[PDB]
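Visitor: Sharing a structure here in structure tokens format.
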Amino acid sequence: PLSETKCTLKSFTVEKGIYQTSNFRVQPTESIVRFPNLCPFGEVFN
Amino acid sequence: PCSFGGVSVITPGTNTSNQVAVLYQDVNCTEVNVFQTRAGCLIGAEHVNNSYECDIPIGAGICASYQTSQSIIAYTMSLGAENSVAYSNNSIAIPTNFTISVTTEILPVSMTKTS
Amino acid sequence: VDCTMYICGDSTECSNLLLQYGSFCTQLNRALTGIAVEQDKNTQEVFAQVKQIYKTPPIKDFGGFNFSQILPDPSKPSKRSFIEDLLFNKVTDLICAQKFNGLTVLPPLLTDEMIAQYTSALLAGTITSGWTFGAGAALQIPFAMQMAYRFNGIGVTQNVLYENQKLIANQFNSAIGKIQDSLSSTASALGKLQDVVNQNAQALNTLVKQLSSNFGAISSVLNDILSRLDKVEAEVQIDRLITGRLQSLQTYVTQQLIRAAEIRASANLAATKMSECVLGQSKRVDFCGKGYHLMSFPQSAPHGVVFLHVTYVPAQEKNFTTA
Amino acid sequence: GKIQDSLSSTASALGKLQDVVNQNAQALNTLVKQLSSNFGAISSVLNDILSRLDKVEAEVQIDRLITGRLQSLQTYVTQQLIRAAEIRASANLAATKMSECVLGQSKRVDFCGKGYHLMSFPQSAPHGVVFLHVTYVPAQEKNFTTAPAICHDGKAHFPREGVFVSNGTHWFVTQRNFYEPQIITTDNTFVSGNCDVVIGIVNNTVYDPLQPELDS
Ligand SMILES: *[C@@H]1O[C@H](CO)[C@@H](O[C@@H]2O[C@H](CO)[C@@H](O)[C@H](O)[C@H]2NC(C)=O)[C@H](O)[C@H]1NC(C)=O
Ligand SMILES: *[C@@H]1O[C@H](CO)[C@@H](O[C@@H]2O[C@H](CO)[C@@H](O)[C@H](O)[C@H]2NC(C)=O)[C@H](O)[C@H]1NC(C)=O
Ligand SMILES: *[C@@H]1O[C@H](CO)[C@@H](O[C@@H]2O[C@H](CO)[C@@H](O)[C@H](O)[C@H]2NC(C)=O)[C@H](O)[C@H]1NC(C)=O
Ligand SMILES: *[C@@H]1O[C@H](CO)[C@@H](O[C@@H]2O[C@H](CO)[C@@H](O)[C@H](O)[C@H]2NC(C)=O)[C@H](O)[C@H]1NC(C)=O
Ligand SMILES: *[C@@H]1O[C@H](CO)[C@@H](O[C@@H]2O[C@H](CO)[C@@H](O)[C@H](O)[C@H]2NC(C)=O)[C@H](O)[C@H]1NC(C)=O
Ligand SMILES: *[C@@H]1O[C@H](CO)[C@@H](O)[C@H](O)[C@H]1NC(C)=O
Ligand SMILES: *[C@@H]1O[C@H](CO)[C@@H](O)[C@H](O)[C@H]1NC(C)=O
Ligand SMILES: *[C@@H]1O[C@H](CO)[C@@H](O)[C@H](O)[C@H]1NC(C)=O
Ligand SMILES: *[C@@H]1O[C@H](CO)[C@@H](O)[C@H](O)[C@H]1NC(C)=O
Ligand SMILES: *[C@@H]1O[C@H](CO)[C@@H](O)[C@H](O)[C@H]1NC(C)=O
Ligand SMILES: *[C@@H]1O[C@H](CO)[C@@H](O)[C@H](O)[C@H]1NC(C)=O
């Protein structure tokens, strides 16, 4: 995370202070698919 | 949606050190020495109680400076140096002597004319 | 505001194209950072002109001038004048949706509890030390004498104050009481502040709604254009998304810059009043408000400052033959 | 002398100027680098689109260059307008100081810089100006018991200019911002009202210039 800021200033000298390096994101673990009549196969087949 | 924020690399000049203290802004500290802040998740600078004048502003009055060997620290920004003026209804304080200071003041006037 | 995430929601298909517009993504951050950096310079010069944090003595005899309204409330966890808290009521989730698209609201470098130390110090210096703490080491001087000066500043010989001291006390003390009644029911007097907070959240809102607009493309959802079509078409559509959103940023950004300067000039005026009015006595006329000016007491307010100008207004006249 | 080293030994004092010059050269670099961006067109070289493709299609391509570049100017232009409007504000601040501070003497507290202001010396700097403010800062304090007024005969005497003080024995009228104690005489004080009103008035004898001159 230190090397990525020096690429923002393009300089090998980094002046005393705070610099904003590229943002980070939390990434997703997994996908969650969720779906909630009935067809009368108990009324047709039985 | 999952938290996110600007990484901020807090450093003294690369002159004095190669050591950086990263500030993850506006995240609780999990998703990453670790110190939770009001501004965000600050990694790599040991907390300090005794508060000094601000050095490198961060946020919410947290100012980081390099010195103690040494390691980047972070602390609640102290505002000036406290004074309590000794005061009473008959008490006056008259200066007996003076100094003459010359203070540079710098202003832009024009900018490069481009067409 | 993160251009990459704002324009292109978490999707490289759009992220690639954004690389073709070059610095448009970055230079906005440079612009916004350019604003947010100086936003603390404003608060820097306005509130902290003072070298040291003064605090009033434990006991108050000012000659009958009751400051217990304006001085820090010792009991509130955040020490703030009884007045200041009126303000924090009158001025006022939205942040969450903003927080969700790449719109982040960085914390003001100085917390309100810090501002309340400055506006305590300046206010506690002005009371005890006269104005001399702006020019150097604060000098304890009897307040009831300090007024004998500030009249000479308006041309009234001081023999008026020592004689009228009591009458001036109640006129001051009561005039304070009127302030707190005004704020108690006045939403409008903070209109200047309330407008500034509004106009930002306004353009912030509008900035967000622009994520729901088609901009001519077949939908305003980034992925729903993708999974509908084979990407070589999406490369075309996502333009009209990017071209739309990228613009909508530059609209919003260019706004902020203009609006920033508007605050910028206002911040300069606040520093001028803080410097001249509070730390001095302003010979300028109607710069500190109608009437000849005696002193001002700053009071913090959210994203702003509130001066209480104590001004000397003549009253009863008598026609005189003169030569 | 120290103004030399203040400038000589630290390069950050001029940041204000240095920031202006950089931001100008900054946007120019950015404005130039925008020439090399595709903006959705097949290439950033205006001739290549003309070389590879037959014009009828190349028309639509060059739009994305033009629309991109032409926009990219308005971005740059708008920045300059906004940025100049800042300088335009800073210029007036100088012209205000130059007129009031240099040419006159300023009564505006901390407009010319911390302290009571004596005089200012303008100095040019690239695309800017630098003022040397010669200011008067008091130093050494001595706690004094003070009184707002002095009863003499039952009349009250108030300091004509400055205030009364004593070191604890003899009451001294003096000027406010520097300590120059002076024996109290009627030429230092004007009479007003009488004693029973003024809070904190104290006893003393206000010496008369005239009375001694008499006796012969
Ligand atoms: C007022 O202050 C100045 C310095 O702040 C004093 O100047 C010094 O005086 C001493 C005499 O004891 C000399 O030895 C020094 O060389 C002086 N300093 C300089 C820089 O010239 C001055 O004496 C003070 N005046 C009074 C009345 O105390
Ligand atoms: C200054 O004003 C405050 C309130 O404006 C006074 O505090 C009140 O004192 C009375 C006693 O006379 C109490 O009954 C009230 O409950 C107090 N109010 C609050 C809010 O504390 C205070 O006494 C005044 N002091 C001076 C020196 O004027
Ligand atoms: C100056 O005006 C004030 C009112 O602003 C006068 O003070 C009032 O005097 C009456 C007596 O006639 C009292 O009943 C009031 O209580 C006083 N008011 C206050 C706030 O104390 C004052 O007498 C006037 N003085 C002159 C010389 O005209
Ligand atoms: C306060 O200052 C006055 C003015 O100098 C002092 O009065 C003189 O003090 C000196 C001290 O050596 C005596 O020699 C003089 O005779 C005094 N003058 C007169 C007219 O009596 C006074 O002593 C000072 N007091 C303190 C406590 O500093
Ligand atoms: C200043 O001195 C006068 C005397 O010249 C003091 O007046 C006396 O005050 C007391 C207190 O009420 C009375 O009992 C005396 O009768 C007064 N003297 C005369 C001659 O009538 C006055 O009190 C002194 N001031 C202070 C603040 O002490
Ligand atoms: C930076 O390093 C140089 C030597 O390379 C030194 O002279 C200077 O004092 C350093 N600056 C700081 C702030 O330590
Ligand atoms: C962070 O999470 C912990 C529990 O995991 C909680 O105690 C703490 O209050 C949280 N802080 C923030 C700022 O979310
Ligand atoms: C501050 O002091 C407290 C005790 O008062 C201690 O628990 C805490 O660890 C200290 N923190 C730092 C950073 O010194
Ligand atoms: C002075 O004279 C004018 C003449 O019209 C009058 O109106 C005014 O009331 C007078 N002043 C006072 C204090 O009455
Ligand atoms: C005046 O008295 C106060 C009492 O606390 C003290 O702080 C101050 O230093 C004194 N002034 C001088 C010049 O000693
Ligand atoms: C000053 O205040 C004290 C309280 O410490 C009081 O005893 C004295 O009478 C007051 N004197 C003046 C002149 O205000």
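Using Swiss-Prot numbers, chain C covers 736-827, 848-1078, in order.
Header lists the method as electron microscopy, 3.2 Å.
The backbone N, Cα and C atoms fix where each Cβ goes, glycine too.
From Swiss-Prot, here are the annotated features:
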type     : residues        : note
COILED   : C:949-993       : coiled coil
DISULFID : C:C738-C:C760   : disulfide bond
DISULFID : C:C743-C:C749   : disulfide bond
DISULFID : C:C1032-C:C1043 : disulfide bond
CARBOHYD : C:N801          : N-linked glycosylation site
CARBOHYD : C:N1074         : N-linked glycosylation site
REGION   : C:920-970       : region 'Heptad repeat 1'
Visitor: Can you check which residues sit near C:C1043 (disulfide bond), meaning Cβ under 8 Å from its Cβ, same chain, 6 or more apart in sequence, and list them in order?
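Guide: Same-chain residues close to C:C1043 (disulfide bond) (Cβ under 8 Å, separated by 6 or more) are C:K1028, C:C1032, C:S1037, C:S1051, C:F1062, C:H1064, C:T1066.
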Visitor: With every protein chain in view, how many other Cβ atoms are within 10 Å of the Cβ of C:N801 (N-linked glycosylation site)?
Guide: 16
Visitor: Compute the C-alpha separation of C:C738 (disulfide bond) from C:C749 (disulfide bond), stating it in Å without decimals.
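Guide: Per the Cα atoms, C:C738 (disulfide bond) and C:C749 (disulfide bond) stand 11 Å apart.
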Visitor: Give the sequence-ordered list of residues that share a chain with C:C749 (disulfide bond), lie 6 or more positions from it, and have CB atoms under 8 Å from its CB.
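Guide: C:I742, C:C743, C:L977, C:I993, C:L996, C:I997 - these are the non-local Cβ neighbours of C:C749 (disulfide bond), listed in sequence order.
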Visitor: Pop the Cα-Cα gap between C:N1074 (N-linked glycosylation site) and C:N801 (N-linked glycosylation site) into the table, whole Å please.
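Guide: Their Cα atoms are separated by 36 Å.
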Visitor: Hey, of the disulfide-bonded residues listed (C:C760, C:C1032), which one tops the CB count within 10 A?
Guide: C:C1032
Visitor: Could you measure between C:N1074 (N-linked glycosylation site) and C:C760 (disulfide bond) for me? Cα positions, answer in whole angstrom.
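Guide: C:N1074 (N-linked glycosylation site) and C:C760 (disulfide bond) have their Cα atoms 72 Å apart.
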Visitor: By a simple count of other Cβ atoms within 10 Å, which of C:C743, C:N1074, the recorded positions in the record, is least packed?
Guide: C:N1074
Visitor: Per DSSP, what is the residue tally for the region 'Heptad repeat 1' (C:920-970) in helix, strand and coil?
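Guide: Its residues fall into 43 helix, 0 strand, 8 coil.
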